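Step one of this worksheet: look at the structure below.
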Amino acid sequence: XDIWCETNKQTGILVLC
Amino acid sequence: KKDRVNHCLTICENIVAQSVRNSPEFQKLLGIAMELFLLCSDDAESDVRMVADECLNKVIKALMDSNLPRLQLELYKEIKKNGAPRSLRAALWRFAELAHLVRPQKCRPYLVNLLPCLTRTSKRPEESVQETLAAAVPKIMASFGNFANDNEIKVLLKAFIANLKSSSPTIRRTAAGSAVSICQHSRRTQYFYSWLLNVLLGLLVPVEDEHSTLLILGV
Numbered sequence: 002x003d004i005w006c007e008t009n010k011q012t013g014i015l016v017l018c
Numbered sequence: 098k099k100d101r102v103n104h105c106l107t108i109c110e111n112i113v114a115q116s117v118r119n120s121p122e123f124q125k126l127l128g129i130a131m132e133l134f135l136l137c138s139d140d141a142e143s144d145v146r147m148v149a150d151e152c153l154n155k156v157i158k159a160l161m162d163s164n165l166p167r168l169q170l171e172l173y174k175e176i177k178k179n180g181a182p183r184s185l186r187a188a189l190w191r192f193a194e195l196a197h198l199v200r201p202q203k204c205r206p207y208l209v210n211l212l213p214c215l216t217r218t219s220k221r222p223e224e225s226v227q228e229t230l231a232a233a234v235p236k237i238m239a240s241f242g243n244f245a246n247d248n249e250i251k252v253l254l255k256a257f258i259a260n261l262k263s264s265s266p267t268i269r270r271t272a273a274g275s276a277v278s279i280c281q282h283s284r285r286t287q288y289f290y291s292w293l294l295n296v297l298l299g300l301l302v303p304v305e306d307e308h309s310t311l312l313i314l315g316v
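Line by line, the protein sequences are chains D and A.
The entry's author numbering puts the first sequence at residues 2 to 18.
The entry's author numbering puts the second sequence at residues 98 to 316.
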């Protein structure tokens, strides 16, 4: 579908800093 | 009778949940499913057509999050082949209902591909194809018409002005509505309203001529 699917590479992670 | 209902209704029940989407098998299975349902949209029995209509609708609703560009490529190919009228209509209004969902990077090549289709579909004599095109044009142009150039727009307007002389009231209605809408969703609306007025006055301006009642009613 989406640009991570199209670029075949992963989404990140949610974290505080 | 019912065997092909069981076939398409079980194909519809399957492909909404088969495998993982974006896989090299699912693209093929989805192509065959759309090819099958659009064909069944013109089969010779009533409840078969009603089930093909709710199979296309459920599958588009289920796959919009994930395969919208493939669904629109399948519907466009059925428009492109200009076949039997219910088969053509079943693709044409569905493609027009989805037209706002194309990303801006994909509007220009669909504009270029659809003008050879709209200018063939305006040459169809059957009034139900025309009533469908009359709904499709104001939705297609509102989704692609800023991506057109002036010569592409003038080719569309010529293809619909040619129909204002028709004996069918429906064909004149489809042309009269399409021509104004093509102008309205152009990048150059005030210029195109001026050009369309020059054509429409020009068609009656030699007022002494034997103009037909049909052309007067369209204009």
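Where a beta carbon is used, it is the ideal one built from N, C-alpha and C, also for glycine.
Rounded separation between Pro222(A) and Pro166(A) - CA only: Their Cα atoms are separated by approximately 31 Å.
Going by Cα to Cα distance, which pick from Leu261(A), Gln169(A), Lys220(A) and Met131(A) is closest to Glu151(A)? Comparing Cα-Cα distances from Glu151(A) to each of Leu261(A), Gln169(A), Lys220(A) and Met131(A), the minimum goes to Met131(A).
Would you kindly check if the distance between the Cβ of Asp139(A) and the Cβ of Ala193(A) is under 8 Å? Contact flag unset, no.
For a quick check, are the C-beta atoms of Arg118(A) and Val145(A) less than 8 Å apart? Between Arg118(A) and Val145(A), the gap from beta carbon to beta carbon reaches 8 Å or more.
C-alpha gap between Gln169(A) and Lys177(A), whole angstroms: One C-alpha to the other measures close to 12 Å.
What is the DSSP secondary structure of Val316(A), counted as helix, strand or coil? Here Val316(A) sits in coil by DSSP.
Supposed close pair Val316(A), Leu300(A) - CB separation, criterion 8 Å: Yes, they are in contact, since the Cβ atoms of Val316(A) and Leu300(A) sit about 5 Å apart, within 8 Å.
Could you check whether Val148(A) and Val113(A) sit closer than 8 Å to each other, using their CB atoms as the reference points? No, they are not a contact pair.
Report the residue from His197(A), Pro121(A), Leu311(A) and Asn154(A) whose alpha carbon sits nearest the alpha carbon of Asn260(A). Checking every option, the nearest Cα to that of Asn260(A) belongs to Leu311(A).
Which word fits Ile313(A), buried or exposed, when buried means at least 16 other C-beta atoms lie within 10 angstroms of its C-beta? So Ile313(A) ends up on the exposed side.
Note down the Cα distance separating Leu136(A) from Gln287(A), rounded to an integer number of angstroms. A straight-line Cα-Cα distance of about 42 Å links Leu136(A) and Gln287(A).
Buried versus exposed call for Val226(A) [16 or more other C-beta atoms within 10 Å across all chains shown]: Flag for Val226(A) reads buried.
Just verifying my parser: in three-state terms, what is the DSSP assignment at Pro222(A)? Three-state result, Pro222(A): coil.
Taking only the alpha-carbon atoms, compute the straight-line gap between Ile268(A) and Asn243(A) and give it to the nearest angstrom. C-alpha separation (whole angstroms): 26 Å.
Out of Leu253(A), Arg205(A) and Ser240(A), point me to the one whose CA is closest to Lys220(A)'s CA. Considering only alpha carbons, the answer is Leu253(A).
Taking only three categories from DSSP, how would you classify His282(A)? For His282(A), the three-state secondary structure derived from DSSP is coil.
List the whole-angstrom C-beta distance separating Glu224(A) from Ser265(A), where the pair is believed to meet the contact cut-off of C-beta under 8 Å. Contact holds; Cβ gap of about 6 Å.
I'd like to check one pair, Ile237(A) with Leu211(A): are the Cβ atoms closer than 8 Å? Between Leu211(A) and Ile237(A), the gap from beta carbon to beta carbon is short of 8 Å.
Could you give the DSSP three-state label for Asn246(A): helix, strand or coil? Here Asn246(A) sits in coil by DSSP.
Buried or exposed (CB count within 10 angstroms, at least 16 for buried), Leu17(D): By the neighbour-count criterion, in which a residue is buried when 16 or more other Cβ atoms sit within 10 angstroms of its Cβ, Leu17(D) is exposed.
With DSSP as the reference, label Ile129(A) as helix, strand or coil. Looking at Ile129(A) - three-state DSSP - the assignment turns out to be helix.
Given a cut-off of 8 Å on the beta-carbon distance, is the pair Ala231(A) and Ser184(A) in contact? Contact flag unset, no.
Quick one: Cα of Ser283(A) to Cα of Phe289(A), how far? Rounded to the nearest whole angstrom, the CA to CA distance from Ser283(A) to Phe289(A) is 8 Å.
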